[PDB]
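Student:
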Amino acid sequence: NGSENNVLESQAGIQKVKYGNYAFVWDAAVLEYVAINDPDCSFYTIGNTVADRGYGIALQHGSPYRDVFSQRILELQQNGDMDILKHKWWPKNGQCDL
Amino acid sequence: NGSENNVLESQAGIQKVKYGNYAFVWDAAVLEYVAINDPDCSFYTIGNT
């Protein structure tokens, strides 16, 4: 019934993988936030072309400002400004080949 | 069903080639202009006749 192999926390997966014979399935952005910072460079990761989903801001149901933030987000992404702010936390000039 | 390798944008493809472990298939004249103009010139290219 799902109780056999699963875990309740990110640490319970990550450290069980680091110290046990296990693999943990999770959000790739989080796994890369682990793997870039891990001092051993011990982790590597594998993935698939996920589509049609993303992280987004939410507003009150029917809020009139819903378009303004969406437009500014589109501007920031299209300019690469959003990707420059992303590089603050997920740099591509990494030290470990993940 | 093509989900395991492909990408949605050529810019993501080219950067995945630069920093990842991948080979990107595209118009040879464009990839040659990139391979000339990359500031590190880290790329090389091949193509069919």
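First to last, the protein sequences are chains A and B.
Counting in the working numbering, the first sequence runs from 112 upward without gaps.
Counting in the working numbering, the second sequence runs from 38 upward without gaps.
Where is the CB? At the ideal position from N, CA and C, for every residue including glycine.
#1: Just checking my contact of residue 170 of chain A with residue 176 of chain A at CB under 8 angstroms: how many whole Å lie between their CB atoms?
#2: Give the single residue among A:162, A:136 and A:204 whose Cα lies nearest to the Cα of residue 214 of chain A.
#3: Closest Cβ-Cβ distance between residue 38 of chain B and chain A: below 8 angstroms?
#4: Relative to the alpha-carbon of residue 165 of chain A, which residue among A:139, A:173, A:152 and A:150 has its alpha-carbon at the smallest distance?
#5: In whole angstroms, what separates the C-alpha of residue 133 of chain A from that of residue 69 of chain B?
#6: When the Cα atoms are used, what is the spatial distance from residue 130 of chain A to residue 153 of chain A?
#7: What's the gap between the Cα of residue 86 of chain B and the Cα of residue 198 of chain A?
#8: For residue 50 of chain B, collect the residues of the same chain with a Cβ closer than 8 angstroms to its Cβ; drop the 5 residues on either side in sequence, then sort them by chain order.
#9: Is residue 168 of chain A near residue 207 of chain A, with beta carbons less than 8 angstroms apart?
#10: If you reduce the DSSP assignment to three classes, tell me which class residue 162 of chain A lands in.
#11: Under 8 angstroms Cβ-Cβ, which residues of chain A neighbour residue 41 of chain B?
#12: Only counting the same chain, and skipping five residues up and downstream in sequence, which positions put a Cβ closer than 6 angstroms to that of residue 158 of chain A?
#13: Can you find a CB in chain A that lies within less than 8 angstroms of the CB of residue 59 of chain B?
Tutor: The relevant details are as follows:
#1: Counting from one through the first sequence, the residue named residue 170 of chain A turns up at place 59. Counting from one through the first sequence, the residue named residue 176 of chain A turns up at place 65. Going by Cβ atoms, the distance from residue 170 of chain A to residue 176 of chain A rounds to 7 angstroms, so yes, they are a contact pair.
#2: What is shown of chain A runs 112 to 209, which leaves residue 214 of chain A out entirely.
#3: For the purposes of this step, residue 38 of chain B is identified with residue 1 of the second sequence, where counting begins at 1. Taking Cβ atoms only, chain A never reaches closer than 8 angstroms to residue 38 of chain B, which makes this a no.
#4: Locating residue 165 of chain A in the first sequence gives position 54, where the first residue counts as 1. For residue 165 of chain A, the nearest C-alpha among the options comes from A:139.
#5: Numbered from its first residue, the first sequence carries residue 133 of chain A at position 22. Numbered from its first residue, the second sequence carries residue 69 of chain B at position 32. Going from the Cα of residue 133 of chain A to the Cα of residue 69 of chain B covers about 44 angstroms.
#6: As a position in the first sequence, residue 130 of chain A is number 19, starting the count at 1. As a position in the first sequence, residue 153 of chain A is number 42, starting the count at 1. Taking the straight line joining both Cα atoms gives about 11 angstroms.
#7: For the purposes of this step, residue 86 of chain B is taken as the residue at position 49 of the second sequence. For the purposes of this step, residue 198 of chain A is taken as the residue at position 87 of the first sequence. So the two alpha carbons sit approximately 39 angstroms from each other.
#8: Reading the second sequence from its first residue, position 13 is the one you call residue 50 of chain B. Same-chain partners within the cutoff: 44, 59, 61 and 63.
#9: Here residue 168 of chain A is taken as the residue at index 57 of the first sequence, counted from 1. Here residue 207 of chain A is taken as the residue at index 96 of the first sequence, counted from 1. Taking 8 angstroms as the Cβ cut-off, residue 168 of chain A and residue 207 of chain A do not qualify as a contacting pair.
#10: Indexing the first sequence from 1 puts residue 162 of chain A at position 51. Of the three classes helix, strand and coil, the one that applies to residue 162 of chain A here is coil, per DSSP.
#11: By 1-based counting over the second sequence, the position of residue 41 of chain B is 4. Result: 159 and 160.
#12: Here residue 158 of chain A corresponds to residue number 47 of the first sequence, with the count starting at 1. Excluding sequence neighbours, residue 158 of chain A sits near 139.
#13: Taking the second sequence and counting its residues from 1, one reaches residue 59 of chain B at position 22. Residue 59 of chain B does not count as touching chain A.
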